[PDB]
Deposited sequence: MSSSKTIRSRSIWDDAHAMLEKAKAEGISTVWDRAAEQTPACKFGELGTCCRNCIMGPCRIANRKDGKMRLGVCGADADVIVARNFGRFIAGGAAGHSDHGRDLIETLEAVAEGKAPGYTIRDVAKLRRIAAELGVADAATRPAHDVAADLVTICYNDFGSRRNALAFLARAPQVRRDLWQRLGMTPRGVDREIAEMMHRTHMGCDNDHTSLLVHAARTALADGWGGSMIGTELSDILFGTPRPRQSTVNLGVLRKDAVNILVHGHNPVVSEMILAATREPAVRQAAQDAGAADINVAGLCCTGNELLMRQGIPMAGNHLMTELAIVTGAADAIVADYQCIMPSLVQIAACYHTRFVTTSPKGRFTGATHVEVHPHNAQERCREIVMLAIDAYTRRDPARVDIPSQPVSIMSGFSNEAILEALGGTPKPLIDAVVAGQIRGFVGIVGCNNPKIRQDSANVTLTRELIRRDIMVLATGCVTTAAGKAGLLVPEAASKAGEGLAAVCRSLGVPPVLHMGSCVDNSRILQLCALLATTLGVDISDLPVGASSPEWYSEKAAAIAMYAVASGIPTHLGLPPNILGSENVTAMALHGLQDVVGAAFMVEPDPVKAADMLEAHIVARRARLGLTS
């Protein structure tokens, strides 16, 4: 009965029983061992060896301050600052890689890569100030855009380049508060400086720079990553695909791409479509080479190529347990190192491709733009060889894939509306669509897998609130059949009408974790057109099953941009009443939004709907 309580899906239940009988420990098993304190409240501090310090509520009054004299407010806010910095650094390095990949294309030093979307390149470059971006040669225009993006990774700017997309009132508010992101790397470095012993000892000051650090992610690292990926590999358009472990085929070579970087996974797919490589699969007894995605790199291949997704966070271990995973191609971020051990229990080849994502015991085939075509060809060959060593008795692909619709970039959304946001604004004014909520969460073993994600998605569309899905929720919403146009039947009367009018699902898949920058861009476009602030728009954000530092950075820059953000579990901040009050209430007075911590998905829909209604009133609209 424990296996039934760990997830809500049959394919996950099937593989949990399979690993149990085979003696394979999963992420849920190791979570039970680690359940048993001071670090979870954020009141443990390890920032120097004057002593590991813990702040307790003791009867005798001892241990109330650290050795240096820091109180619980400073200690909690510093750990939280480093937590956001690590989340921002995640997206930061990703955007920088995309800058390097575009610079290699511009220099002509990336065989097999091209500028797939030249029209978006000219638009983005013109938006950011590149002279004659409309008419100059594409590679020259790309080089000037590369310089611009790199300069946001420098230390000589007053505001990040894409920050111009925000409404003027939002930018003036950032100026007054001192939150204006100046440089992508610089805010990260200043956060690490402030959290050092004896530097920043004011929890209000620390949280304001956390907002500044997280804003440098959403409007810098992530937005550069999203826009440059569309330039290099194509801007997403609506298309059909499938989800869950059933996307693996018994008769094919199954290559699972895992991580966040489309630079590697896009070239993997190109190699599996080469004629000589497809021949090697048939020679090994396979009908084809089947590429399926995992986590954010899967979301990227889903949006731009329609490649089916095997599963989200907690499904990554179970996909190897199917016995049909012939290789796992990893880059970096959110790749559990337990996959290496579970792959050793089978024939699966675990291949790492990035100098930043090294895993002891893995097969490292380092991929760079100048050798990607050759290296990825070599990586696909290792998957065909591993296929010949597959043990057929241990194969169990549990379910049948579920149809989904993906590729809802802002470009695709506006094209569906006829090239303007006016029909969308009209529906919101009419009350057909009462608001929007972006669900951006992960999975967390503390919560039954996707129970909160699917319930909250169902609750919101019932109340005529459209849902924008990124990250892990894509698999959650898709498995429940909410990512298809026919799912309008499960929405309210107004939302179903608008969805059927446009032929779109009530849940729009807008991409990976960095593609939450698409939600910032969309909100900024609506606020600009209406002449109001983002904090005036009937919008919301939710992370019901989050776990990572990157999720908290996403939650933080949504709040600081005026988007009320709900979290299923609290961050490690409850040890300080002041820091907790600031996150839940005080931030509303400053940036116009705040955090919400609610483990009940229905109560969370009530809170998100309440803020949406209050903002409809301030626009002079009926709920």
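Absence of C-alpha coordinates is noted for several segments of the deposited sequence, namely 1 to 4, 41 to 42.
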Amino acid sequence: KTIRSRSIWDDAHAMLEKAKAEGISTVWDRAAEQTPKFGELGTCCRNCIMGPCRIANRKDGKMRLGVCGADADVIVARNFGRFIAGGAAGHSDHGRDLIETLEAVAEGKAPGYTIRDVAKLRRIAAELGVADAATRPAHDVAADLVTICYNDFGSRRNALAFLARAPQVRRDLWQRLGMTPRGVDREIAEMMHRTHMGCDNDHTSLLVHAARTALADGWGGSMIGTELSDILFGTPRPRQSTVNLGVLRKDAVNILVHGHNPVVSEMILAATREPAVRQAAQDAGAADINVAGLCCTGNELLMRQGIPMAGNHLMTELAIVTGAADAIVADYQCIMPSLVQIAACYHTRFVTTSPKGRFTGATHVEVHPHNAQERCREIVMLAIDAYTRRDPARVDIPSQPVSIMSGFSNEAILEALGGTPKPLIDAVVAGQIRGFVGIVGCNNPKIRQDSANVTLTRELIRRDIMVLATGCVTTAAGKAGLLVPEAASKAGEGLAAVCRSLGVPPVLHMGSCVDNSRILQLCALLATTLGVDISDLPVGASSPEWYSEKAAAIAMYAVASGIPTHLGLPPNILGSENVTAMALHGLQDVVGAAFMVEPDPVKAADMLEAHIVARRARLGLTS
From here on, numbers count along this sequence of modelled residues.
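Relative to one another, 484 to 492 and 133 to 141 have unequal mean CA B-factors, and 484 to 492 is the one with the higher figure. Taking the mean C-alpha B-factor of each stretch as recorded, 94 to 102 and 380 to 388 are not equal, and the higher mean is that of 380 to 388. Between the residues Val321, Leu414, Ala427, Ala161, the entry's highest C-alpha temperature factor is the one at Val321. Taking only the listed residues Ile268, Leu526, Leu215, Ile224, the entry reports the highest CA temperature factor at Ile268. Ranked within its chain, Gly42 lands in the highest third, by CA B factor from the PDB record. Ranked by Cα temperature factor within the chain, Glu545 sits in the highest third according to the deposited record. Annotation for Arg194: CA B-factor lies in the lowest third of the chain's modelled residues. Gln373: CA B factor lies in the highest third for its chain, per the PDB record. Placement of the Cα temperature factor of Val602 within the chain: middle third of the modelled residues, per the deposited record.
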